[PDB]
Structure formats: C-alpha cells, structure tokens
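Only one chain is shown below, in structure tokens, and it's the form deposited in one PDB entry.
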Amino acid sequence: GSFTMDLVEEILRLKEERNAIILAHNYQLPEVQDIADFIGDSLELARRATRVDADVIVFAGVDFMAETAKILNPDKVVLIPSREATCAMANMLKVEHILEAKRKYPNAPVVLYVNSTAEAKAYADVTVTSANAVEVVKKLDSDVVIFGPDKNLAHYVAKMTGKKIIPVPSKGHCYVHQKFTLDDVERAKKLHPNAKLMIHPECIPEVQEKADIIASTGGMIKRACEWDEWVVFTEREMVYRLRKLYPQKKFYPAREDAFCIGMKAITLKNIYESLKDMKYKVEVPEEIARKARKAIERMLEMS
C-alpha cells in the first residue's frame, strides 16, 4: 500500500537493529506500556535487569531506575529517553543526610529505597523497594535501621517490623502519593461500595490504615486475584496496567489527578529518538557503581 511505518513500527524495527529491550515502569503512558518488552515495579525491574540478554536497554522510567539498570549492567548501553524523567522523592535524599545519621547510629544498617540516586546508594548496606522493605528490615541484624527517602514507607516498615527507623531525610515523600486523603477513601467507598482498596505504602499513614491491601504496584498485581473490584490508590496509569492484565475485573482510580510528571517525560516519540540516536546514555562512575551494586545484589539475595 501507500502507507509506511508509524512510531510503533519504527520502534519495532529499531529494537531489532539495536538488539534492544524496552523496560517500562507500571506508571508509563498506556501507549508506552503497549510497546515495552517488560513492565514492572521497582523490584521486578531490578531483578529483570540481571537477566538482560540484549545489548541495549531502553528504560521507560525515571533516571534512578535507569541508573539501577546500569549498575547491574555496566557494560551494556542503558538509554533514558529524557533526562527530565526524574523522581522528586529520590532527589530529597543527599549524602549529607546519610553521613549525619551514620554518625549518630554507626551500628545501624543504612537501608535505602531504590528511589534514590546512585551516589546515595553507594552508602547503603542494602537497598529496598516497597515490595521487600519489611522483609529486608526484619532480617537485618539490628533493632535500629537508617531508612529513606520516603517517610511514609518508613512508617509502614516501622509498624510491620517493630524496629526503630531513623529516617533520612526528615520529610522525604512522593507528591503523587501524598495527594490521597481520607476524603478520597470516603468517596471511593461511596461510589464503589463493593470494591476493595489497594493502597501504596507511599501514601500517608492515615490512608494506609484504610487499605484492604498495602502493596507496591507489583504486589497490587500479585494480589488483585483476591477480589473482582478494586479502587487503586497509586499513580493513575496503574489503572491501565491492571485493566490490561485482568480485563474481567473492575478497577477505578482513587484520583485521576495522581500523576507523576517525571514518569510522563517519557513519550513514544522520545523512545523512537532514543533508539534512533542511541541517547541518552546513562553512566554511573565506577566507584559509586561498585558500592551501589553490592547493596543492590544484597537486596536481591535477601528477597
């Protein structure tokens, strides 16, 4: 015919030409999810980055996630389609916060949420995500741990493990998940009285306390089989992910306006441009990468 390739067809050809895999987070735009080879949460993306047979990883997610993939694949090309795909919560944690906490608690393990920079991870004894933070902290050989950046996840970990949690920094949080309120819980239950509530641990504690399940986005997918109707208290693109996986269930956003600007820096067009031009190359300095890798590997061994 007269027509040629659209962006999807161009991307598919370039993936072949580059020997590339596209890894996407659950918060990516639906049309980006639809072209990804693998979609998952922070822990699943970290694990998947340890079995990459491709030469090139295009990371449809934020920069810290691409850096984690690069730390696990120092000799593969890792591309981030936009350097403005970044995480507001992760940037709240600086090396100075970690050093001050280590000074006060030298025997406390430093436990850093994967939502953190590579420089910060170089000071972690182990990394965690929302899916394994409780399990990891429970198993660490200390009754006190230094933990960050997210204070709402820290609250959940403190509740579930009974251990003393020293937050770094003092007020780290995700603006997307902080948008959920008790009024959103009330409205969701009024509009969808037969639905259960799946709530991310980055939400505030009083909202966590209303959950039927508290889970990472990966845990939400794992536990969705437990009911047929769910209100989803996380970034709104997760509703698309859940509807695609389970077309027979019903999913409703807790708030349509819970959007991550950094995640939406990734577009179909800049994924195309990323493969076409081999950009933007993600690099992590060797000393930081080796130290971060030790903490990330330990995390994968512990969960």
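Note that residue numbering begins at 1 and tracks the sequence as displayed. Definition used throughout: the rigid core is the maximal C-alpha set that superposes within 1.5 Å between two forms.
Comparing 212 to 220 with 177 to 185, the stretch with the higher mean C-alpha B-factor in the PDB entry is 177 to 185. The PDB entry reports B-factors from which the mean C-alpha value can be compared for 30 to 38 and 45 to 53; the larger average falls on 45 to 53. Within the selection 128, 108, 154, 118, the deposited Cα B-factor values reach their highest point at 118.
Out of 93, 71, 85, 78, the entry records its largest CA B-factor for 93. When the CA B factors of the chain's modelled residues are split into thirds, the value for residue 20 lands in the lowest one. Ranked within its chain, residue 203 lands in the lowest third, by CA B factor from the PDB record. Placement of the Cα temperature factor of residue 231 within the chain: lowest third of the modelled residues, per the deposited record. In the PDB entry, a CA B factor belonging to the lowest third of its chain's modelled residues is recorded for residue 197. The entry lists a Cα temperature factor for residue 12 that places it in the highest third of the chain's modelled residues.
This next part talks about the form deposited in another entry, which is not shown.
Annotation: the position in 144, 95, 213, 88 displaced by at least 2 Å at CA between the shown form and the other one, with the core superposed, corresponds to 144. Taking the rigid core as fixed, one finds a CA shift for residue 190 smaller than 2 Å between the shown form and the other one.
If you fit the rigid core between the shown form and the other one, you'll see the Cα of residue 104 move by 2 angstroms or more.
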